[PDB]
Each structure stands twice: as C-alpha cells, then as structure tokens.
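# Summary of the model geometry
This is what each chain is made of:
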Amino acid sequence: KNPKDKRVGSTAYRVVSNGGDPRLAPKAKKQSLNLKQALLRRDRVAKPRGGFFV
Amino acid sequence: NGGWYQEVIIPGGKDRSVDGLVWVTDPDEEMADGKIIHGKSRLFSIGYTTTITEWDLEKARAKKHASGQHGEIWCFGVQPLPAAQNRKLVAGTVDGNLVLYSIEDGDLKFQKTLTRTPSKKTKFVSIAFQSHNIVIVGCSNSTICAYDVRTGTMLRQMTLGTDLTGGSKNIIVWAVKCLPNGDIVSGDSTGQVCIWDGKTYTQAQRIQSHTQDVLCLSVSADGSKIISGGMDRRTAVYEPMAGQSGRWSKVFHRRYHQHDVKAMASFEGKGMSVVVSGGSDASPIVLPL
Amino acid sequence: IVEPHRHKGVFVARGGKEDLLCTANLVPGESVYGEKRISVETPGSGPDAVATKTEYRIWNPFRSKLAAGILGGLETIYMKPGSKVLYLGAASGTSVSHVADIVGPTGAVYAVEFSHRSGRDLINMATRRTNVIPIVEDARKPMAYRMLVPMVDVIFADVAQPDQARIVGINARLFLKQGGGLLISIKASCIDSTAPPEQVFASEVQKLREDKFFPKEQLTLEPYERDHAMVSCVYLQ
Amino acid sequence: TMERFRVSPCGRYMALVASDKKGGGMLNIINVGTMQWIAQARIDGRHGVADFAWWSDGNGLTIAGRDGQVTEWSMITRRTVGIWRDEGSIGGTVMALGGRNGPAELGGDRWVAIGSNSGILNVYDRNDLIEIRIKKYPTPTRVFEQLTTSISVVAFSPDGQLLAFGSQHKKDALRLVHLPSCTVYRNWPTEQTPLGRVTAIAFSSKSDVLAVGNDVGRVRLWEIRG
Amino acid sequence: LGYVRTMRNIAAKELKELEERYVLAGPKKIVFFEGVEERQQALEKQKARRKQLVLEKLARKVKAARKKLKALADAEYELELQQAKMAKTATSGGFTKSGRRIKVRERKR
Amino acid sequence: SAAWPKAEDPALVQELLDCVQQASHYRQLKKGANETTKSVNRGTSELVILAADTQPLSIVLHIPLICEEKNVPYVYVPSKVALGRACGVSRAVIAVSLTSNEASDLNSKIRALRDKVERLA
Amino acid sequence: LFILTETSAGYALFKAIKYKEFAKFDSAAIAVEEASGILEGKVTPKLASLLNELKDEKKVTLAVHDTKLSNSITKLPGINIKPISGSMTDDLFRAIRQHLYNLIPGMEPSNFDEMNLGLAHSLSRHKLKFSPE
RNA sequence: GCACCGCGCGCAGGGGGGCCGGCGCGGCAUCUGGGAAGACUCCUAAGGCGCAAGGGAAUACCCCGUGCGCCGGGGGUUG
C-alpha cells in the first residue's frame, strides 16, 4: 500500500499515492459494501450452513 | 436470436465489485446519402465507490473514471430521450446528494450536485426516470422522492408506512421503475409492489406479493407486464386487471432461482422479448416475456 | 522596527509585545478599507526625525486569506515584485491591494470578480492603483476575458464555488505559465459540509493532482479561520 | 385502534384512520353493509391524518393531514384527485366540509373549513380549488383568528348556513359563523353563556337545535331560530 | 434592558479586539513528496520569557473579557425573561420559583 | 430569483418551523425584519430564517449582506404566513432570527439545524 | 495554416513556427465594439481586413479555439473559407502568448497594455451600468 | 563495549509484519437510557404564577400575610 506519513511534531511529510489504480477499476469501499448488506439482513439470522461438520 | 453466446469477460481486480450497469445508446444518426449510423453504445458502471467508471469494450479494460466529493454511489441512470447530443447521468448515493455527471463527446466528468436531503441518514438506493426532466428516487427512510432535474427542485415526497411484519420501522424502496403511461412501480422492503399515480404522485395500489423484500423490478416495453424478483427467490408476474384502469394484479409467481433475484433487465425487439434475471447463484435465467 | 520577511515584498513590524505583517503602500498618504499604517524613513535623518519616505499598510490576516497563509508557515508565495498574478475571487478589493503592493509597479494583478457589488467597490478601489485591472465576469467562463488577461506567473484562488478546482483548471489551462504557481484557499463547508475536512481537502488535492498540478504543500488556516485550507502547488514542474 | 371514523352520508361506506403515522397516514375504507375492506387511501404528511370528511354525494373524501397537506381522493377512480395546501398551516387539527351547490366533480359540497393547531381556522370556497386539476395554493374565503388555542371541534350546518367551531382548551371558546358571508356572530356566546370547555358539538337534522357537550359531561341545547 | 444592551455591545467589541490581538501574538502543515527518496532527502535537510509573560498577560485579559461578556449576556437574557413574565398577556418563557417551566400555548390575538 | 438558499423540502421546512416554535416558547426568538437586523448586527443571532413570499422581495435582501459579513446562516422558507403563525404572532412575519445561549437542548437543535442549512448551501 | 489570434490591440498569424503577418490598432472607443463583436462573433472590420485575400481559398483552414466564434464566422460569405474549432489546441494558443515576447518587435515595438487596462475598465463599467446604479 | 576458551546482555535506530490487544474518528437496519414531545393526553390544585414593597432567619440557600398585574377552578339563558 502507501507508506505511512512521518511527523516531525509540527508538520507531516507524506508521499503522494495514486499508484494503486492505473487503468483497471477502483477498489470497492468495504464500509459501503457491508452497509448495503446490513440493510438486507436487518434482524434476520442465517440458517445453519452445511451438513454434518464441526 | 436465442443463442446466448458469452463473448468477452473483463475481470476486475481483487476487492472490486460491480453494482450497477448502464448502457448509453445514442439515437440513429443519418448520413448524407440515407445510410444509417446506429447509436454508439457506451457502458458505465459503479463499483461501490465514489467513482463512475466507463468501460472500453474495444480494449477490454476500463476507459475512464470520474468522481466528485460525495459519498459512495449506490444507484445511477442515464437520462432518457425527449437532449440529442447532451445527455447526462444522475447518480444517488449514501449521504444523500444526487450528483449529476455529464457525458458528451467522449467525456465523463462530475458536472454538479442537484440537491441533497436534509437528513444525513437518507441513503439513495434506486433511481428511475419518469420523463426527460423528472427523476424518481427511492430512499432508505421510507420515501420515494420525485425530483426535477433542470432546476434541481422537488415535486413531491411520496412516503410509505412502517413494516408491521417485523422490527425495523423504516421501509426501504429497493427498486423503482416507470411505466410508459406515467405511473411508477416500486418494490420495497415489505415485499410489496406499489403502483403510484403519475400525475399526482400518490399511490394507487399496494400489491402484497413476496414474503421477503422485492429486490428488482422489470417493466415491459409496451407497459403490459411487470416482473418482480425478491429475496425469497421468488419471481412474480403482474398484468392489469380487466375493466378498471391502473389496477394491477399478480398473475403468477414461481421460484426460478436458488438464491435471491438481485437484478433483472428486459429486452423486446427483432422477434425476441426476453427478461434476463441474474441473482446470487451466478446463473442468468432468461424468461420469455 | 520594520524588517522585510523571508517573502520578498512582505514586511513585518516588531515591538515589545506585538509582531505585525505589512506591505509597502503604492499610493502613499491613502488607505483603502480602514487599515492602520506606519510611517518609517530610511536612516540618515536624525536631526529631522520625521518619518518621510516609506508608508506601510498593515495586512490583516483576519480579513485576508493570503495573509493567514503567510503567518501560518507558507514556505513560498511564488510571487515577487514584477511578477504577474491572476486573482480569482477579488471580494471588494481587500487582499488584491496588498497583492498589488507586493508585485509593485512592474507587476500587475488581474482581478476577476463576478459579483456586482464587490465589482463596484473593486473598480472604485482599482481606479487609484493602476497595476490592477478589474474584470467583472464569471470565473467559470475564461473565454470571456481571454482577450483581457495575458499569461501570468501565479494564480491566487479564493472563490466560494463547489467546482473550485474546475475553475482553477480552466483558468490555468488558459492563463498559467509552464511551471507556474497556484495558491488556492479551499473551503470545506462550501465543498462538502458533512465529510471530514481532511477528506474534503485530500479530495481537492487529488483533483488538482489529476488536473496536472504538483502539490508541494498544504496548511490549515486555523488560528484565523475555521475549516479552511491553503494549498500551495506548482504547475507542471 | 378503531376510535376515529366517518360513515358516508349515503351510508354505504365507512372510513377508519389506520394507526400508522410514520410520515404519512392511511385510512382503510369499509363497506358498511358487509363490514369488509374495500379500499385504502394513503396521504403523505408528518404525523398522519388530522381529520377527513366524506363528500356530500358520498363518493370521495377529503383528507386533511397534519402539516397542511389536504388531499381529495375519489372513490370511483379510487386514486387521488388532487392535493392542495392550507394557507400557512404549520399543522392541521380538524376539518369539516359542508354546504350545497359546490363543484360537481368534487362531491357537490361548497365550503371546506380547516382548523390548525395555532387557533386559526381557514374557510375555502370549493369552487376556487378547480383550476381535473386542483390549485396547489388556493386562497381562503376567510381566515378566522378569533380563537387563540387549537381548534378542537368544527361542524357545518346540514343546510350549509352555519359553521360552529370551538376550542376545548379554553373555557367558553366556541364561535358561530354565518355562510356564505363568513362573519362571526357577535351576540352569542356572551360572557355568561354556560358552554363550559367544549368537547363536542352537533347540529340537528333540520338544523333547528345546536347541542354542545363539555368536558364535565353536560349536554346543553340551543334552538337556532333565524 | 437598554443599558445592558449598550454595555454588551461595548464588551463584545472589546472581546473581538482582544481575541484578535491574542491570536496575532500567539497535523497542521502537510508537505507532499513524490517518493520515499525525496521525503528522506527533505528529512536530511531538516536534520541539517518576554513572550511568555506578555502572552500569559493577554490570556488573562482574554479570560476576564469573556467573563464580562458572559455576565452581560446572561443579564440581557434574564431581562428578556422578565419582559415575558411581566407581559400584558400570558407569554411563555422562564421558570417559576418552584422550577416548573412556564409554557402557554395560546396565540397572541 | 434572489432567494438562492431556498428551503424547498417540506421535511426541512417542518423542522425549521418546529424549532422556531420551540424557540418562541423559550423566548429565544427575534421576530420581524427590524428586530432580525438588530440581532444580526449585534451578533447575538445564531440562525436567521427569511420568507420568500414577501411581495416586494427587496425589503429583506439587506439581511443576506449582514449575514455574509457576520458569518451566520440564513435560509428562506416559502410562506411568511406560515412563519408568522409558527412564531405565534397572528400576523405575517417576513424574517425571524433565533438566538443562542450557554447550554440548551434548544442549542443542540440550533447546531444541528444550521448544519442542515449548510447542507442546503 | 492560418491561425487567428486576438489580443487587446491586434492580430497575428504564424503560418510558416515563425510569424507571417499581423494587424495593429490603438486607442479608440471602437475597441469596445471590437470587444463586443468577439463577445458574440459578429462581423468585424479587423477580422475582414485580415481574412480578405484575392486569390481563392487555397487550403480550407483557420484555427480558432472557441467553437462559437468558429461557427459564427463560418456563415460569412465574404471569403468562403471555413474555419476549424479548438481540437484541444492548447499548445498553439498557449505557446504563442507565452512566447509572445518574440512577437513584440514585429508589429508594435512598444508596450500596449494601457489600452488593455482601458478596455477592461470600459467593459467592467459597462456591465456595472448593465446592473445600473 | 562486555566474553578472542562462547551464547547472550546495556544502547542507537533503518524498514516492513502478527494488521494480536487498547485508543481516536466515522457510519450503524434495530435495541437500551435521557431530554424534548402531539394539544384528546401532563399542566402537581381549587387554586396558582409574576412584579414591587414590608417582616423574620440555618446569613450564599429560604419562609410569611401589602399594592399592582396574569391565568385557572366553580357558577353562569340571544351581553
């Protein structure tokens, strides 16, 4: 990812970072993707997943 | 013509999803000699981000990106034809503000923001245009708002009640679409399908169809059939009741999928009327319309 | 006692309990908007002890966006006396007079202000100082004053529009020089009043960076204003 | 709840406000002879439905919600005829609807009277709502600002000549209004007219007797004579 | 009430002037770089009592001026509540000495 | 026209008039154009609500200049009669200005309301 | 390659890298009529005296960066050469004004910015009377 | 540097990781607590509140029955 910033105590020196997405697609926001799911499963619970397994 | 051949797959990266897809097709241009140049069709998408992506199907990769200072875009659509060369995308989002992007002459840029809701907790989940200048958006706070795109104003705030089936009082209008005669069809969190009047923007009918929430709608091109796909893996088909006008009723329902029906879209031309419904079991199911 | 600052064309006045910023008045014996002014002479006139030559107008950072940047730790301001600065959003001729006094007589400041009342006060100010030219036109339409503005060295930008980076972009594609300077003041409560201001400022810096500037530094104006940033950046170098 | 309802003047239908506020109120409409649901009319508001009134021919009904939106909803087409706004109402409390020789496609009632929570009761001539298009901002025939507390009761005369409107929260806050002149009668009630804290009023079928019942539980009767 | 309003205007002007003078006396700055190499080069370049008394004095002046303005603002609010309590008709506003808040819902006709 | 920070959404208009009515019961409200101008000039005003139904609209246009000079938020509601009987006046009030104090649930409502007005702007 | 440059005073043309020709002007109240004439794109005497050659169109080209001015001077039949709009012509019309110090010994060996200032004051006061006081 | 017949220890800090546990900021369909709260609701009672004087004290806090006002209860036939 991006190199984390280094603070002298007053100012913050940071490398710019846009080298992640050249031409491919922008990376999906995990906080927004989990919000639309939480509107879909409001209070409802999952059914038990598989067969006979621990 | 019924072959259904999968041509190109353009994969996105890791931690990248695709939520909405919109084709933008120009009208038929004519040459000097009477020959027909058909509409160049451009594909736009969102990826649960603040960025609308335009895809280059010639190079099989993403062509452009556009983003404004707003929340994550959850729904978007291209403005329908009445202008000719000046068509614009309208996109709802999480924090509320209906952003409006411009597309002309191979461009995709964040033009402006029409309006935003007063309440910050209003999330825009679906969008459909009634005419050239009237945008119908569903929201998470039990409302279906009807904005007017030119001045950015608000015609009327349609509302829906609580859900009295479980908790969580706010109903969520997952899918709106517009009939050709002006009415608005909306499937929501209760599994209902509401028919809203077109001139007055009030409801005319509530059709209780599904058990879990209706996730996607589709409307026939002549305005004769409504297909509704929910989270109870259920697909229901409605035709108008004979006699009284504006009254729909569920002809029949059937569980075609094995998981929820998250998206569907219709097509009606060259001797082929289909509606393709894709869900969470990765199998696109083609129904004859 | 008056010393020049690190920035050329900018002076400071020091005392036992204060430290003020000031500029060299181009029209001596005249004030514009009710600002304190100090008269100092160059030494060599002890027998007379009359402050004759240099008149200094006190620059107020509470009414100036740019003077709040200089007292904040602005490393360069990209302008020297004799440069060419385009001022976008010249609100009634408050800061553009101090910028004109920075650039001197061989420099020229091109003020652009769409609003009509501030245009009235701007032209009634600009009659005296001849090194400014005022343009009452919308800054979102640069081809309306493309005849009137030549190539510049610095763009200053304090306009309260949400497409501020787009206004800066079209005015820099039509008027800024190769390797030019941009000093832009960003208002978070104008661009997006709900997001964090750090996120709003980072999105504006990214919009400039894709708009082919090179962000050198960004500093907040927060002993003076609330949720305001100053981005100092260069253009194509 | 089933507390608030209105039976139609033809006697065929009966409308009940459904207790579901949530930014807009609905009311379920029931056939009287078989006691079965036949329709539902939903309006958008902030707290729901303040009041409503059947039209005089018996088909549609006018639903005045809180926050000022008033909605004419027909029974034949079974969707909304129109929506208009009360003038400057920060929230409606009661509505009444009476008279004869009104507009033919809006039920044939002439006057609508809408009383808000501030104390102001607006009276509109319903031939001024027609611009079937309804004007979105009609002007009142008369705005009554005589009562200072929230208008609790309002009742038209069955021949459409009187209008009695009263507030519960003040002792002897009842006024009586002529129509079509829209003038408050000044000779009654006086300082010593034993109204009480007026909770319900009712005009007779021939409109000869006004009955006023207060919060103590005492009905009193007044012959109307012109 | 008129006297308290004039004194509050004077004291608010004094507070604005004193706060301006105190700010003028005494993650803020961010510098961007293209790479870790240029960031480290700038870090190499970075590796290469009177004010205390007068600023404590201006700080004590600022706190006393804020106390004076808050006292005059509370006095003006108390006098507006006295007007509401002595109005010729029943007006809301203010608490009784029992503690119950006065609120009349009548309209001024 | 000249009423560019217009409050057109009826939910926001209802929130503005409900906060006006609560401030009116708290006696934290200045009613009228002259009293609004005095509160904005003195600087005691927290938020200011003008009305757009004024028949000469130019008699309240001086208050946007003083609010631009003093950095207080102003907003336009549609109906002056609604603003008037929201304050509890029985007249048409064309401009109202609601003030702030030390500690109140009303002051928290004022802060949230001017955040919503900044969302309109 | 006829390019069309408009400064506050006059025009220049750089068809054959190096400059070819020019048109100069100074100090009149018809300069604001020139200014309005390119605010719309109307007929202009300096424009017409520039584009009036006697032979023919010899190659149909005239590079003007604003599309409005291009398709408003397309309609003039006085010379019937058809211009081209700004096909992202940033480099040409930016480099000529940044390197316009080379041009200044050619047509007007002077500093002509005082009439630029005067036209700016005239246009701004014209719009201040358009918003009258 | 300590042991040149050894591991290790005292210390400067360069980068990335387990992203283990806390902290901060942000959203959060619901749930829990509080304030506000609809005017049919509560508004403490058939009485209460306010202003200005007067008298007494646990002397920061309070209590009591004179003059002006503001409501409320009860009673109450087109004054």
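What counts as what
Residues numbered from 1 in each chain as written, not as in the entry; some residues may be left out. Chains lettered and ligands numbered in written order. Part of a larger assembly, values for the part shown. Heavy atoms only, no water. Residues with missing side-chain atoms left out of burial classes, pairs and counts. Helix = DSSP H or I, 4+ residues; strand = E, 2+ residues; numbered from the N terminus. Pairing = 2+ DSSP bridges. Salt bridge = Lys/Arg side-chain N within 4 Å of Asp/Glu carboxyl O. Buried < 20%, exposed > 50% of the residue type's maximum accessible area, 1.4 Å probe, protein only. Axes fitted to C-alpha atoms, helices over the stretch in contact; angles between N-to-C directions. Parallel < 35°, antiparallel > 145°, perpendicular 65-115°, else oblique. Left-handed = near helix turned anticlockwise from the far one by under 90°. Contact = heavy atoms within 4.5 Å. Nonpolar A, V, L, I, M, F, W, Y, C, P; charged D, E, K, R; others polar. 1 Å grid on protein atoms, 1.4 Å probe; cavity = no way out; pocket = protein on both sides within 12 Å on 5 of 7 lines; lining within 4 Å. Points joined across faces, edges and corners; volume = space filled by probe spheres on them. UniProt positions renumbered as here; feature names shortened; annotations may be inferred. Near = heavy atom within 4 Å. Polar contact = N/O pair within 3.5 Å; in protein donor to acceptor, adjacent residues only side chain to side chain. Patch = residues over 30% accessible without salt bridge, like charges linked within 9 Å, V, L, I, M, F, W, Y side chains within 5 Å. Areas by Shrake-Rupley, 256 points an atom, 1.4 Å probe, with all protein chains shown as cover. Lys, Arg positive; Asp, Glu negative; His and termini not counted. Charge placed at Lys NZ, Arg CZ, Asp CG, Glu CD. Buried area = accessible area lost by both parts, 1.4 Å probe.

## Some details on the overall build of chain D
The helix and strand tally for chain D stands at 0 helices and 19 strands. Each of the three principal axes of chain D carries a C-alpha extent, and together these read 50 × 40 × 35 Å.

## Comments concerning the sheet that holds strand β16 (residues 183-184) of chain D
All names here are of chain D. One open sheet holds the 4 strands; their spatial order is β13-β14-β15-β16, and the pairing between them is antiparallel. Edge positions in the open sheet fall to β13 (153-156) and β16, since each of these has one partner strand only. The pairing of β13 with strand β14 (residues 162-166) spans 4 bridges and is classified as antiparallel. Each residue of the ladder has a partner; that of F156, found in β14, is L163.

## Considering the pattern of salt bridges
Residue and element names in this part refer to chain C. Counting across every chain of the model gives 27 salt bridges over all chains. The closest approach of N and O atoms between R166 and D163, which form a salt bridge, is 2.7 Å. With a relative accessible area of 34%, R166 lands in the partly exposed category.

## Section: the sheet that holds strand β22 (residues 248-254) of chain B
All names here are of chain B. The sheet built from 4 strands is open, its strands ordered β19-β20-β21-β22 with antiparallel pairing. What marks the edges here is a single partner per strand, and that holds for β19 (214-219) and β22. On average, each strand axis in the sheet is inclined to that of its neighbour by 25°, with strand direction left out of account. Judged from the 6 bridges that link them, strand β21 (residues 235-240) and β22 form a sheet pairing that is antiparallel. In the sheet register, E239 faces β22, and the bridge partner there is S249.

## A closer look at the packing of helix α1 (residues 31-40) of chain G against helix α5 (residues 113-130) of chain G
All names here are of chain G. Across the interface, α1 lies against α5 with an axial gap of 10 Å and an inter-helix angle of 65°. Of the possible angle classes, the one that applies to α1 and α5 is roughly perpendicular. Helix-helix and strand crossings are classified by hand; for α1 and α5 the assignment is right-handed. Of α5, the residues touching α1 (which contributes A31, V32 and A35) are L119, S122 and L123. A per-class count over the contact of α1 with α5 returns 5 nonpolar, 1 polar and no charged.

## Notes on empty space enclosed by the protein
Residue and element names in this part refer to chain G. In this structure, the largest cavity spans a volume of roughly 80 Å³. Along its surface, the largest cavity is lined by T5, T7, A9, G10, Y11, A12, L100, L103, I104, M107, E108 and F112. In the lining of the largest cavity, the residues fall into 8 nonpolar, 3 polar and 1 charged.

## Thoughts on the arrangement of the chains
Contacts are most numerous, across the 12 pairs of chains in contact, for chains A and B. For chain A and chain G, which are not in contact, the least C-alpha distance works out to 23 Å.

## Things to note about the UniProt feature "repeat: WD" (unreviewed entry) in chain D
In this numbering, the UniProt entry assigns the feature "repeat: WD" (unreviewed entry) to residues 198-226 of chain D. End C-alpha atoms of residues 198-226 of chain D are separated by 23 Å, and the span's content is 0% helix alongside 59% strand.

## Quick word on helix α4 (residues 80-87) of chain F
Residue and element names in this part refer to chain F. A large share of α4 lies buried, amounting to 7 of its 8 residues. Along α4, the residues that are buried comprise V81, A82, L83, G84, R85, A86 and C87. One or two residues past the end of α4 sits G88, with phi positive at roughly 95°.

## Some thoughts on the protein's contact with RNA strand H
Near RNA strand H, the surroundings consist of 44 residues, among which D172, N187 and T193 of chain D, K97 of chain E together with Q22 of chain F are the closest. A distance of 3.2 Å is found between a phosphate oxygen of RNA strand H and a side-chain nitrogen or oxygen belonging to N117 of chain D. Within the side chain of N187 of chain D, a nitrogen or oxygen atom sits 2.5 Å from a sugar or linking oxygen of RNA strand H. For the surface near RNA strand H, the secondary structure elements donating two or more residues are α1 (30-40) of chain A, α3 (50-85) of chain E together with α5 (105-120) of chain F. Of the residues contributing to the surface near RNA strand H, the split by class is 5 nonpolar, 19 polar and 20 charged.

## As for a positive patch on the surface
A cluster of basic side chains, namely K17 of chain C together with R21, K57, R60 and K61 of chain E, defines a positive patch on the protein surface. Among the secondary structure elements, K61 of chain E is positioned in helix α3. What makes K61 of chain E partly exposed here is its relative accessible area of 45%.

## Some details on the packing of helix α4 (residues 164-175) of chain C against helix α4 (residues 90-98) of chain G
Between α4 of chain C and α4 of chain G, the least distance of the axes is 8 Å, while the angle of their chain directions is 60°. Taken together, α4 of chain C and α4 of chain G sit at an angle that is classed as oblique. Facing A172, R173, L174 and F175 of chain C of α4 of chain C, the residues of α4 of chain G in contact are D90, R94 and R97 of chain G.

## Comments concerning the interface of chain A and chain B
On the chain B side, the residues contacting the 19 residues of chain A number 32 residues. Taken over both partners, the interface formed by chain A and chain B buries close to 2400 Å², and the fraction arising from carbon and sulfur atoms is 60%. Seen at the junction of chain A and chain B, the total is 1 salt bridge. Between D213 of chain B and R42 of chain A there is a salt bridge, with the nearest N and O atoms lying 3.7 Å from each other. Connecting chain A to chain B are 6 residue pairs in polar contact. When grouped by side-chain class, the residues that make up the side of chain A that touches chain B number 8 nonpolar, 3 polar and 8 charged.

## With respect to the pairing of β19 of chain B
Residue and element names in this part refer to chain B. Judged by how many residues are buried, β19 sits mostly within the fold: 6 of 6 residues are covered. As paired strands, β19 and strand β20 (residues 226-230) are joined by 5 bridges and run antiparallel to one another. Bridge pairing links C216 to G229 in β20. Counting the residues between successive antiparallel strands, the hairpin from β19 to β20 contains 6 residues, one of them, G223, with a positive phi of roughly 80°.

## Here's the deal with the side chain of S64 of chain C
All names here are of chain C. With respect to the helices and strands, the residue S64 is situated in the loop between β5 (54-58) and α1 (65-70). A distance of 3.0 Å separates the side chain of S64 from the backbone nitrogen of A67, its partner in a polar contact. Among the polar contacts listed, one links the side chain of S64 to the side chain of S95, at a separation of 2.9 Å. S64 has contacts with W59 and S95, leaving out every residue within four places of it along the chain.

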